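Just the one chain here, laid out as structure tokens, in the form deposited in one PDB entry.
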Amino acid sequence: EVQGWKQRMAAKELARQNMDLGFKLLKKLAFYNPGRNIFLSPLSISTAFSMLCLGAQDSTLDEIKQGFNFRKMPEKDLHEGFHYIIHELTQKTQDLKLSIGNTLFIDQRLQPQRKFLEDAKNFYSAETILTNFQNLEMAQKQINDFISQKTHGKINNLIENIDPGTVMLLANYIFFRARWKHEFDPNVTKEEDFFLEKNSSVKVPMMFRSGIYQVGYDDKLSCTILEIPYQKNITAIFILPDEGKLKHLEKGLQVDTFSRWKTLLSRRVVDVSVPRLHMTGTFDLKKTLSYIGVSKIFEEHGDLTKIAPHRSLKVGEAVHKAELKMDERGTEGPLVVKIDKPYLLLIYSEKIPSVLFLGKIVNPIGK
């Protein structure tokens, strides 16, 4: 209880760092891809490359730690911190279904080392699965089926392409199902307009509830903040930019922003309209990580011999997939906040405190 203090402290500092990462990834992703939905888990992304530090050495290890900012604390604390984060969040209960998966798919000719395997399992619950990469079509079919089975059909078609010569593929995935502190009534959910532009709109299933919620307005970022709590100590933070202020919001988000919003939010009676969601986000981590200058893990440098003793070993391919369902489900028993235009969604763990998911929702029924 008391013992686990250092694990929580390390986790509190790492969660501060995944918040920054998340805002950096969204800002980059939205700059290159405007007008599109972005849905990732900066926390799950981080566990994948922190797990790899258990098997990386020299220039590769150093670049991962610099890019991800794992440099402030000792390596022992980094791994014990992430072990704590994963152990606390991983659940299969009536209230919360949450899992962070990390699977290394390595060529069946190679021999993953006992020590790396025990460490990855013990600290991250990460597993290595031997694959026949000489048959690329069958390998993709085997990987996708392994994950679909593992996640009970929550994480499907993770891999779309395998480059020839790939001997090591990293698969990082997260799914989420949670009950709200107070359920929405399905009988009150109606098809409503979601404005894709000021001029254009589509009909979306819109949920409605009236009750007490932590609500506020940020005049610096020009946005409305609404928080809807889950039954377990997790919160859905809805950030609704003002008409013409979406870019300003994306460029303005930082770590200090949260402690600033704490003084802007108060518990008030709000008439809430929130779209239902079934979001997925798939990312090629070789491209994504170029935003934080991490590339050596994807190149041959003789730095991964702790994973498998072959000098030419690199991570050939790395994919992230985030999945979330947002509906009326919750625990059974005014201002106006209408989430009917493009918005940001932060799934925030309060007990860690970590950013589990970060989404840019331009269309709740599209991409």
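Numbers for residues come from their place in the sequence shown, where the first is 1. Take the two forms, find the largest set of C-alpha atoms that superpose within 1.5 Å, and that set is the rigid core.
Here the subject shifts to the form deposited in another entry, a form of this protein not shown in this document.
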Of 242, 271, 127, 227, the residue whose C-alpha shifts by 2 Å or more between the shown form and the other one, after superposition on the rigid core, is 127
Next on the checklist: Taking 2 Å as the cut-off, check whether the CA of residue 103 shifts that much or more between the shown form and the other one after a rigid core fit.
Outcome noted: yes
Discussion item. How about residue 317 - superposed on the rigid core, does its CA move between the shown form and the other one by 2 Å or more?
Written reply: no
* After superposition on the rigid core, does the Cα atom of residue 140 shift by at least 2 Å between the shown form and the other one? -> yes
Under comparison with the form shown, the C-alpha atoms of residue 35 and residue 172 in that other deposited form shift by 3 angstroms or more, placing them farther
Distance flag for residue 349 and residue 150 (Cα, change 3 Å or more) in that other deposited form: the two residues are closer
